[PDB]
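As structure tokens, the structure follows; a few thoughts come after it.
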Amino acid sequence: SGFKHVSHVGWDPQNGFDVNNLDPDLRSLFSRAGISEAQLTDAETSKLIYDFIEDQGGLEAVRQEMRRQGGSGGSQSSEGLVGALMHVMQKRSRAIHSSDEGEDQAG
């Protein structure tokens with residue numbers, strides 16, 4: 001009782017997620033959720049993101065469910081876990097993968 005469970009993701013905390021070597025199953029999820037590689041490579045967003053894969057049953061559950069979520073209802077896999085992750089992404093409060101070229105909130 002009270003045992004910990006580690007998900008075999010193998011993501012980097014400094015570099016972020018290996019979007020360059022991510023699986024078409026899990027990588028597709030982030031895309032469906034409107035998550036750009038910039039967020040997958042961000043140490044901050046990377047942490048909250050991969051953590052979601054743990055709630056979905058781990059990396060194995062993602063690729064696994066992605067296959068199971070491609071038959072029931074419609075046919076396209078996305079209407080489900082993608083909805084949850086979409087919320088997790090909102091856990092940043094103001095995380096926007098944008099570039100400040102000359103903006104200023106204060107005026």
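Residues of segment 70-83 being part of a helix (DSSP H, G or I) and either touching a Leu at 6+ places or on another chain (Cβ under 7 Å) or surrounded by 13 or more Cβ atoms within 10 Å (Cβ to Cβ) (or both), which ones?
Matches in segment 70-83: 81, 82.
Among the helices (runs of 4 or more DSSP H) contained in segment 1-69, which hold 2 or more residues that are in contact with a strand residue (DSSP E or B) (Cβ under 8 Å, 6 or more places away or on another chain), exposed (fewer than 14 other Cβ atoms within 10 Å of the Cβ) and among the basic types (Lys, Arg)?
none
Okay, residues lined up against (1) within 12 Å of the chain's Cα centre (by Cα); (2) among the aliphatic types (A, V, I, L, M):
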| site | (1), (2) |
| --- | --- |
| 49 | yes, yes |
| 57 | no, no |
| 66 | no, yes |
| 74 | no, no |
| 90 | yes, no |
| 93 | no, no |
| 104 | no, no |
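May I ask you to verify whether residue 94 is surrounded by 15 or more Cβ atoms within 10 Å (Cβ to Cβ) and either part of a helix (DSSP H, G or I) or on the phi < 0 side of the Ramachandran plot (or both)?
Considered against the rule, which asks whether it is surrounded by 15 or more Cβ atoms within 10 Å (Cβ to Cβ) and either part of a helix (DSSP H, G or I) or on the phi < 0 side of the Ramachandran plot (or both), residue 94 comes out as no.
Which pairs have Cβ atoms under 7 Å, sit 6 or more apart or on different chains, and link a residue in segment 1-18 that is closer than 19 Å to residue 30 by Cα to one that is β-branched (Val, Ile, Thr) and not in a strand (DSSP E or B)?
Listed pairs, sorted by first residue: 7/53; 9/53; 15/41; 16/41; 17/41; 17/49.
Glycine gets a Cβ as well: all are built from the backbone with ideal geometry, and neighbour counts include every protein chain shown. No value in this document is a laboratory result; all are computed from the given coordinates.
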